[PDB]
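S.K.:
Residue numbers (my numbering), protein chains in the order written: chain A, 295 to 531; chain B, 295 to 531; chain C, 295 to 531; chain D, 237 to 265; chain E, 237 to 265; chain F, -7 to 282; chain G, -7 to 282; chain H, -13 to 35; chain I, 414 to 512.
1. Flag residue 439 of chain B as yes when its Cβ comes closer than 6 Å to any non-hydrogen atom of the ligand GTP, and as no otherwise.
2. If the cut is a Cβ gap below 8 Å, which residues of chain H does residue 505 of chain C touch?
3. Starting from residue 460 of chain C, trace the beta strand (DSSP E) both ways and give me its first and last residue.
4. Near residue 315 of chain F, which residues of its chain fall below 6 Å by C-beta distance, leaving aside the five closest residues on each side in sequence?
5. So, are the CB atoms of residue 270 of chain G and residue 425 of chain B less than 7 Å apart?
6. Determine, for residue 41 of chain F, whether the minimum Cβ-Cβ distance to residues of chain B falls below 7 Å.
7. Identify whether residue 264 of chain D lies in helix, strand or coil by the three-state DSSP scheme.
8. Would residue 467 of chain A pass as an interface residue toward chain F - the criterion being a Cβ-Cβ separation below 7 Å?
9. Residues of chain F with CB under 7 Å from residue 361 of chain A, in chain order?
10. Quick one: is residue 385 of chain C near chain D, going by C-beta distance under 7 Å?
11. Report yes if the CB atom of residue 468 of chain I is closer than 7 Å to the CB atom of residue 11 of chain H, and no otherwise.
12. What residues of chain B sit near residue 31 of chain F, judged by a beta carbon separation below 9 Å?
13. By the three-class DSSP mapping on this structure, what secondary structure does residue 492 of chain C have?
14. Using 8 Å for Cβ pairs, my map puts residue 387 of chain A next to residue 483 of chain A. What's the rounded Cβ distance?
15. If you check the beta carbons only, do residue 441 of chain B and residue 447 of chain B fall under 7 Å apart?
16. When we look at the beta-carbon of residue 338 of chain C and count the other beta-carbons within 10 Å, is it buried (16 or more) or exposed?
17. Between residue 307 of chain B and residue 473 of chain B, which are expected to be in contact by the criterion C-beta below 8 Å, what is the C-beta distance as a whole number of angstroms?
18. Among A:501, A:520, A:531, A:458, which residue has its Cα nearest to the Cα of residue 355 of chain A?
19. Taking residue 9 of chain H as the query, report the chain G residues whose CB atoms sit under 7 Å from its CB, ordered along the chain.
20. Using a Cβ-Cβ distance under 7 Å, would residue 431 of chain I count as near chain C?
21. So is residue 190 of chain F buried or exposed if we call it buried at 16+ other beta carbons inside 10 Å?
22. Under 7 Å, do residue 526 of chain B and residue 504 of chain I count as touching if we go by C-beta distance?
23. For the stretch 94 to 101 of chain F against the stretch 114 to 121 of chain F, are there 3 or more C-beta pairs whose distance is under 8 Å?
24. Rounding to the nearest angstrom, what Cα-Cα distance links residue 327 of chain A and residue 480 of chain A in this structure?
25. If you compare alpha carbons, which of C:517, C:529, C:524 is closest to residue 374 of chain C?
26. CB residue 455 of chain A to CB residue 463 of chain A, shorter than 7 Å?
27. Please name the residue, chosen from H:3, H:-3, H:-11, that lies closest to residue 476 of chain I on a Cα-to-Cα basis.
28. Residue 243 of chain D by DSSP, collapsed to three states: which one?
29. Can you name the start and end residues of the beta strand (DSSP E) that residue 293 of chain F belongs to?
30. For residue 475 of chain I, go through chain B and note every residue whose CB falls closer than 8 Å to its CB, in chain order.
31. In its own chain, which residues sit with a C-beta less than 7 Å from the C-beta of residue 369 of chain A, not counting the 5 before and 5 after it?
32. Beta carbons nearer than 7 Å to chain D: which residues of the stretch 6 to 26 of chain F have them?
33. If I follow the unbroken alpha helix (DSSP H) through residue 53 of chain G, where does it start and stop?
34. Since residue 185 of chain G and residue 493 of chain B are thought to touch, with beta carbons under 8 Å apart, how far apart are those beta carbons, to the nearest angstrom?
35. Give me the Cβ distance between residue 409 of chain A and residue 335 of chain A, rounded to the nearest whole Å; I'm assuming they're in contact under 8 Å.
36. Restricting to runs no shorter than 3 residues, where is the beta strand (DSSP E) found entirely within the stretch 158 to 211 of chain F?
This is the structure:
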């Protein structure tokens, strides 16, 4: 009853048959910006079915010495579809996200994934006092790999990362995880090219293991923006 | 009273102080496609302030041996702004247009412009029986020049071209002309890259003449799409 | 809920635990012949529990180079039980059928069966213009094998054979298929020894495959006549 | 139809009743 | 029109509605 | 549930649907049912008021087309010194619908048909020098299966005491008459999985109830000094049509009128092992836009 | 405002008008509007009750004229030793309205047209010595754009299982049948500023929705010993006509049926640089009363 | 990816189906290209004998 | 009714009615594509929707493609089935096709 799920957004749809109950982050659902919280006075564009639809990132190979993967939002979508064109032509954006993470294997495989969405994941670098530069943070669509996922690459702890909106993909139980993210900012709208607000982290807490034949197990991420507004129309940079 | 005019669309606005009464083509105003005339069943995107705004084409120099200029719509806008991005990412479009043509000179200049919007201006070539090719029709943003404007480059007559929605820029009287075009097609929506529906023609019926100093007189075209819908979302070609 | 099923007819019963929803052919259920459609004026015999019961045909071995199997009704039952004795002693018959097809394997096997009941399957022969003879059509209880199942042995297409009352046995999903056939004839009753009205076809659209141990997988057919009437009592031929 | 037989009439092209569910949904539930 | 199709009928020459102002006065005031 | 459909169905607008337990796009083909997934349930739709009439795919309109069923050229001359197999100013035709393949494939989309046959006879003539075309009178006598067919042009079976004849000229409009639904069953058997008699040496696939009868056509005129080639074409229009149990369409070419035997073409399309013509791979797109 | 006009408008009497601020004779052509100056406002009029009906300039009456659209003479003979480009007792015709220029210029006064086509086929025959004119039977089969056209006179596409054929003789009245409004759009595109396909090497100006289909016409008769020249003329009458967005009439002569290419005549009238024939000066009156 | 165990068959099959919905429509009836003939069928001369 | 997506040489008879998928060592790979050209001879011609429509010239309305997976019970997997409106080429990568 909570294991089958169809997520229809736009011209996209995802069915899954081994799901958990999906996660609404902090009990919140995405909405458009109301008038008593609006700041920018020009009329926003709301390209509803053109941008509020699933976008599927490149799959990552799930291996024995995997540390973990991360994508920063909206940086992982700033060059994809009509979401990316609205990002490049406008100054302000505001959206929630519906993240669906896919990973399946056989009933002889084991492994657990912590699929966690981290708000304002300011990263740190290891064994230096120089801050992480622009190319170390803005990885784009491909995302990055965790250097030290045990501390979440910021001196904190992976053990306490369940305070953040998360699910698990335990291969014994399910093969997908779904997190519904609202707008998470101290600001109503934001400049999407210099600020990331959600980091989707996907972490091998229990590694992949089997004794049957070794197929490739990938992990696929489908991200749907939800309730996109855009202000400040200009040329594309 | 009918000489001053402000046309506010989107984040754009045009004031003019020597206008005529503007032209609504065939007595019609642009609207969105109603449900009893809809064909495509998916939900259309209506990027209202992002695309329903004036786009200014390159000015053309208005000279002694000028024959005339033409721009085909939506081909003159298929690469400009968020209108052009919605054109390239979608299969179907539907819009009206608000054409504003600017041309001013001194009170010692003379000349008359026939600013006429021609529906389905199938062109012909001169002194041959080969049809006009793709590069002779799809001139893009720059538009084309009339070869024989006396016959409107199709064997018809310039004299009877006032059956079409038109205005005049008589330099004695006004310096701008405004035509409001509705959706003009036998089809509800259309593929914008292989079919043009309005041709804006601008024609020197009385040529430019003065005996004072010879400044450059240009003619500038600002075109606002109106009530844009887009169906059939896919990748950009 | 639609996967467990018990079919009790007469002194026979079939339980199945991996079923689909069963098929009623053309939305119809078998009945006895009403008075406004009757032709033969003598009183019919209705041997209810003696003939309306499952009869199990010989199992066929399901292999790698299998093309398919067919049984013609009532020819596959004209020599079995009290149905066959009522057929041989009477001139006219009228019945529907409840076909249950059994085929199971492990969860490491794959394969799909098109179990289709074809009305009036007039067969054709290949690469000749001589019609199929009596021994090529009236195979009796053992039934026949498809020569060219891709064209259903009649120049038609296997791809469009889902217009006929059918189910599938996909070994991933189910292990049985059930079709309930009504009386299908242009005539109220019929001579059972010279006319077949339903052909049960069972066809390997996806062949049997596994990489575990190779047991014999058979396919078993249990056919229950339903609502048998018999007119024209005489000696047995 | 001035003929006395009813099969002599023209083609009857006004039968708009359908039932696709006898071919598309022939299942019992 | 004894034919069953409505496009088979004769020419319909009784449409006396005009609107010249959509071509002669296409201005907004 | 049976209902009356005159236009195609409308479309309702839909919204974002993210509900657990409800998977409209997941289906069970193993049940034998066709997918019930709506366009409103798979993608996000608008409201479309659909006005497209469905009246041309009616089985009456799909089948009431006058199609050719018979065609004979026969020499119209003095036949006192001709062969034993020639048509001596007359021919007989056992009426079937299985000789010309456009009407045959269309009727064989169904298992049972109940229709009235509207028969149109179109006679044409050619001079076998040229002196003109005669306005010849023809007799088409309908002989049922069970009666005696004529053996001459001037035989005395042509007097038609009870057989229905039509007398028509070449200069006239074509002769048209309606044959009723003449089966002893409630419907014609387009396909007959059975044998026609009680002995085991009967014909397979030919239900004798399906055959209408014979169509004996002669020229009533006596011969002229010159010869002529008279071609008679018969056209059948089904009407008042009921159809039952639709079938897969025939993909392979027909071999005979007597059976459903199949050879197929030599290469694809419509071959025995390949009905659709081949492409390079399953990820090769043949008409790809460049 | 839309109103119903059955006769031309009346005239009201007027008087001396000497009022400041009111200039009915002064106009603004720059607005794009036609002058609204009345005859009552320019000169001093009388009351005229105008009874002139306006019913002959209706777009139905202006366009419902049966005009020639096709014309083929083809030799009717034995064609076993003829060329590869000849019409061997049959022809095909891709249906257009752009071959004969009276109907073409009249239809091209509009951008969009929605009409039913009433097709009249007029066949005439001439002996190719003289022995008489045969009453030949012709078949005009309507093949849509997408189906297969015949390649012979006696090909088996002529059996017309679903294609609509008409069978008619020369001695009859002309064959007449109505073609419906068959466009996939809501109106035909008389002019199409676009390209027919998704690749850039398509045809300009030819909307594929505008084309009706093919009109395959054969002679059903076999050949006589002598030859004949059979001329088939096709006449189209538009009916139930709606018209949109009127256009300037074409002044230059047409060059092709495929495009709007123009050459003009060599001298005036209807030349490229002079549509109206010249006069001596702008103050020269050509037909002046002496 | 398709992930199978060692005792399952490593190559699996899809069957593709297609139907039309109830907003589907057809018009302008023509002959089908899917059948044709250049000669007579067998025993079609026996109908005249 | 069944599409012949495997309308290739070395697919004989009923091998044409099924598409064989296997395990892959690269991500995001194209498995098959289906030409939606009904009139020209493609995988949609010998269908119930394909044969009845070739008796007609004009058509309209939605279509539905159904795909039944016929592997073992132990076989797991995820696919993405993309319909692309016309105008461009057929999309070869998954980035392009899922838009």
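By construction, the Cβ of each residue, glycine as well, lies at the ideal position given by its N, Cα and C atoms.
M.R.: So, from the listed chains and residues:
1. The model depicted lacks the ligand GTP and carries no ligand whatsoever.
2. Taking the first residue of the third chain as position 1, residue 505 of chain C is located at position 211. Those are -8, -7, -6, -5, -4, listed as they occur along chain H.
3. As a first step, residue 460 of chain C is located in the third chain; it is residue number 166 there, counting from the start. Element bounds for residue 460 of chain C: 460 to 464.
4. Residue 315 of chain F is absent from the model: chain F starts at -7 and stops at 282.
5. Position 278 of the seventh chain, counted from the start, is the residue given in the question as residue 270 of chain G. Position 131 of the second chain, counted from the start, is the residue given in the question as residue 425 of chain B. No, the Cβ-Cβ distance between residue 270 of chain G and residue 425 of chain B is not below 7 Å.
6. Within the sixth chain, numbered from 1, the residue matching residue 41 of chain F stands at position 49. Between residue 41 of chain F and chain B, the shortest Cβ-Cβ separation is below 7 Å.
7. Start at 1 with the first residue of the fourth chain, and residue 264 of chain D comes out as number 28. Under the three-state reduction of DSSP, residue 264 of chain D is assigned to coil, being neither helix nor strand.
8. The sequence position of residue 467 of chain A within the first chain is 173, counting from 1. No, because no Cβ of chain F sits closer than 7 Å to the Cβ of residue 467 of chain A.
9. Taking the first residue of the first chain as 1, we reach residue 361 of chain A at position 67. Under the 7 Å cutoff, chain F gives no residues; its nearest Cβ is about 32 Å from residue 361 of chain A.
10. Counting from one through the third chain, the residue named residue 385 of chain C turns up at place 91. By this cut-off, residue 385 of chain C is not an interface position.
11. Here residue 468 of chain I refers to the residue found at position 55 of the ninth chain. Here residue 11 of chain H refers to the residue found at position 25 of the eighth chain. The answer is no: Cβ separation not under 7 Å.
12. The residue labelled residue 31 of chain F in the question sits at position 39 within the sixth chain. Neighbours of residue 31 of chain F across chain B, judged by C-beta separation under 9 Å: 335, 336.
13. Position 198 of the third chain holds residue 492 of chain C. When DSSP states are grouped into helix, strand and coil, residue 492 of chain C belongs to the strand group.
14. As a first step, residue 387 of chain A is located in the first chain; it is residue number 93 there, counting from the start. As a first step, residue 483 of chain A is located in the first chain; it is residue number 189 there, counting from the start. With 8 Å as the limit, residue 387 of chain A and residue 483 of chain A qualify as a contact, their Cβ atoms being about 6 Å apart.
15. Position 147 of the second chain, counted from the first residue, corresponds to residue 441 of chain B. Position 153 of the second chain, counted from the first residue, corresponds to residue 447 of chain B. Result yes, Cβ atoms of residue 441 of chain B and residue 447 of chain B sit closer than 7 Å.
16. The residue given as residue 338 of chain C occupies position 44 in the third chain. By the Cβ neighbour-count rule, residue 338 of chain C is buried, with 16 or more other Cβ atoms within 10 Å of its own.
17. Numbered from its first residue, the second chain carries residue 307 of chain B at position 13. Numbered from its first residue, the second chain carries residue 473 of chain B at position 179. Contact doesn't hold; Cβ gap of about 18 Å is too wide.
18. For the purposes of this step, residue 355 of chain A is identified with residue 61 of the first chain, where counting begins at 1. The candidate whose alpha carbon is nearest that of residue 355 of chain A is A:501.
19. Along the eighth chain, one-based indexing puts residue 9 of chain H at 23. For residue 9 of chain H, there are no C-beta contacts with chain G under 7 Å, since the nearest C-beta of that chain is about 16 Å from it.
20. Position 18 of the ninth chain, counted from the first residue, corresponds to residue 431 of chain I. True, the Cβ-Cβ gap to chain C drops below 7 Å.
21. The residue you call residue 190 of chain F lines up with position 198 of the sixth chain. It counts as exposed.
22. The sequence position of residue 526 of chain B within the second chain is 232, counting from 1. The sequence position of residue 504 of chain I within the ninth chain is 91, counting from 1. Result no, Cβ atoms of residue 526 of chain B and residue 504 of chain I do not sit closer than 7 Å.
23. No: the two stretches stay apart, fewer than three of their Cβ pairs being nearer than 8 Å.
24. Here residue 327 of chain A corresponds to residue number 33 of the first chain, with the count starting at 1. Here residue 480 of chain A corresponds to residue number 186 of the first chain, with the count starting at 1. Rounded to the nearest angstrom, the two C-alpha atoms are 13 Å apart.
25. On the third chain, residue 374 of chain C is found 80 positions in, with the first residue counted as 1. The option with the nearest alpha carbon to residue 374 of chain C is C:517.
26. Taking the first chain and counting its residues from 1, the one referred to as residue 455 of chain A is at position 161. Taking the first chain and counting its residues from 1, the one referred to as residue 463 of chain A is at position 169. Residue 455 of chain A is not a Cβ neighbour of residue 463 of chain A, given a cutoff of 7 Å.
27. Within the ninth chain, numbered from 1, the residue matching residue 476 of chain I stands at position 63. Among H:3, H:-3, H:-11, the Cα nearest to that of residue 476 of chain I belongs to H:3.
28. For this step, residue 243 of chain D is matched to residue 7 along the fourth chain. Under the three-state reduction of DSSP, residue 243 of chain D is assigned to helix.
29. Here chain F comprises residues numbered -7 to 282, so residue 293 of chain F is not present and cannot be evaluated.
30. Numbered from 1 along the ninth chain, position 62 holds the residue referred to as residue 475 of chain I. In chain order: 335.
31. The residue given as residue 369 of chain A occupies position 75 in the first chain. Beyond the five residues adjoining it in sequence on each side, residue 369 of chain A comes within less than 7 Å, by CB distance, of 432, 434, 490 in the same chain, given in chain order.
32. Going along the stretch 6 to 26 of chain F in chain order, one finds 23, 24, 25, 26 with a Cβ nearer than 7 Å to chain D.
33. Start at 1 with the first residue of the seventh chain, and residue 53 of chain G comes out as number 61. Counting along the chain, the unbroken alpha helix (DSSP H) around residue 53 of chain G starts and ends at 51 to 55.
34. Counting from one through the seventh chain, the residue named residue 185 of chain G turns up at place 193. Counting from one through the second chain, the residue named residue 493 of chain B turns up at place 199. 7 Å between Cβ atoms; contact.
35. For this step, residue 409 of chain A is matched to residue 115 along the first chain. For this step, residue 335 of chain A is matched to residue 41 along the first chain. Your pair residue 409 of chain A and residue 335 of chain A does not check out as a contact, with CB atoms roughly 39 Å apart and the cut at 8 Å.
36. Segments of the beta strand (DSSP E) lying fully in the stretch 158 to 211 of chain F: 167 to 171, 205 to 211.
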